[PDB]
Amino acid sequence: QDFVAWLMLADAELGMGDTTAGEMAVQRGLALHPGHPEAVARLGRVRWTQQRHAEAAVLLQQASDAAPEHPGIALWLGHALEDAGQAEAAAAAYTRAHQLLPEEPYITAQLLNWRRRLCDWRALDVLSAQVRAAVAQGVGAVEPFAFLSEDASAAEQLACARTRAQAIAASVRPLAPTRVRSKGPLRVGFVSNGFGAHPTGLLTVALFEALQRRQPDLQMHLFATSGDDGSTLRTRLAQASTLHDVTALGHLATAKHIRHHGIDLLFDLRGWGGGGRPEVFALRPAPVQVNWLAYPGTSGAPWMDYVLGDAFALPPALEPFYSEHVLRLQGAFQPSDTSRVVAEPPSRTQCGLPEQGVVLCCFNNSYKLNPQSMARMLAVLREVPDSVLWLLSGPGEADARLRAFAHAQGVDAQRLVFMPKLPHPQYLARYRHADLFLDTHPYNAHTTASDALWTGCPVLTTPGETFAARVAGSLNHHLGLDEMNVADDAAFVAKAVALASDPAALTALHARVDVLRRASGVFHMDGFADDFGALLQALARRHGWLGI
């Protein structure tokens, strides 16, 4: 007959992963004091872990109303609103929560991440500062993936990453160590939530296909942390490897499953950004663990032996900012699905383009569209009379905010065009109307840059000082397109303008993109598989492998 105790014990089930016996406890808490903000909020947290995202928000909105000053409620409400797909309302609650506890960094950082997603730039500079300070001070549980959006050095990214990795490591007891097998075929494993219609699957599929044909001595094992999505990608990946569906397994069981298969080299294709699975790596189920492709920066993690980069994206000057030992592929670090035949799109009109005019384009998640990147794109529009800027439609009112900024920047708002979300092949097809792709800084197009070039659309970029800001530049460089890697904003604006105001030169550059996309190594997955396989083998011998 004890109220406080019920919620306290309901919390103990949560914490230990007890949705069902935890709900019995919360419900009985509500049967003593019905409508009490502390229980009403808690019931909404149940529904939320049970994945009843919409009922959660209805309940958490009650509490919030019953106590608009309770910061924990304000915050919990926001998560539910977010996970219920209500972007704008979600950012309002974090805005309130931040205002209730102006100096709680944990909240500031989630606030910042949501504003960037909605292209809401109010007091952006102050929030960015507060997040970076929090990284400095070790506080805030800033997430390394979110941090990539900030203009922060490689030194700051390492701080963020390694603090985060160290907190996780302190809560985890690694599996007993093991060594790379001495003899026999190498077992190489990759952990990922994106084996299907997602960037990781999309980038790695033709590569796994080539490895299957060309590197018979390496056994590729995919550990998929997501179920089968019906995509040809997922099916092709399963056909080109041994795919283990470990969706549903906890961290410990996933790590145990990897160990069960005696994986020699384990690759994190998550990496710091997915649902996670970070403790799966903290458990050290494989003797050599490699950060590659998925997370574009250092893991900062004591459980990660290596990072796999390339000479341009991960140049020598950048090595000290990586906790891992750095390995490099001979060409670009990024593979791609060179089996794609880009289809033909609907007419320009049907894609919301004017029938005439240069179409500048930047397809990229909203959080990469920062003021600096937008402003240099708007500058090109201002200098080139009939051009247009093509963007992906973003969440909530992001599109309207960009429109207003275009106006504020002296550009007719209607010269922005927003592509709705489209299955991959239809989206890829859109590039055939694109004249020039304008990269963002400091977080480049990554998968979208690969898409553009594969279709034949040039990418203009300003290689920066962190790996995430040199990816597009690495593709350009390995393709041979160095004139498309330029020094700074002024040079980026001047280059996009020289090209857009001269349609013959722009056409010549499309023809040059086409020759180089045929000739260069960037899009030869046979040679990528050879180089990848040889690296894997050399790395395994360095750890005792005596070969097949």
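Numbering starts at 1 and runs along the sequence shown. Only the largest set of C-alpha atoms that superpose within 1.5 Å between the two forms is called the rigid core.
Fitting on the core, do the C-alphas of 464-472 or of 272-280 deviate more in 4 other deposited structures of this protein?
-> If we average over structures and residues in 4 other deposited structures of this protein, the farther stretch is 272-280.
Core fit done; bigger CA RMS in 4 other deposited structures of this protein for 86-94 or for 140-148?
-> Once the cores are fitted, 140-148 deviates more in 4 other deposited structures of this protein.
Could you check which stretch, 221-229 or 244-252, carries the larger mean CA temperature factor in the entry?
-> Per the deposited B-factors, the answer is 244-252.
Out of 173-181 and 272-280, which one has CA B-factors that are higher on average in the deposited record?
-> Higher mean C-alpha B-factor in the PDB entry: 272-280.
When you compare the CA B-factors of 66, 511, 486, 494 as listed in the entry, which one comes out on top?
-> Highest C-alpha B-factor among the listed options: 66.
Out of 83, 150, 156, 451, highest CA B-factor residue | Going by the entry's C-alpha B-factors, 83 comes out highest.
Pull the Cα B-factor of residue 16 out of the PDB entry and bin it into the chain's lowest, middle or highest third.
-> Highest third.
Which third of the chain holds residue 415 when residues are ordered by C-alpha B factor: lowest, middle or highest?
-> Its C-alpha B-factor, which the entry lists for residue 415, ranks in the middle third among residues of this chain.
Record-listed C-alpha B factor of residue 336: chain third = Residue 336: CA B-factor falls in the lowest third of its chain.
Classify residue 363 as lowest, middle or highest third according to the C-alpha B-factor given in the PDB entry, relative to its own chain.
-> Tercile = highest for this residue's CA B-factor.
Taking the chain's C-alpha temperature factors as the reference, tell me which third residue 319 falls into: lowest, middle or highest.
-> Middle third by C-alpha B-factor.
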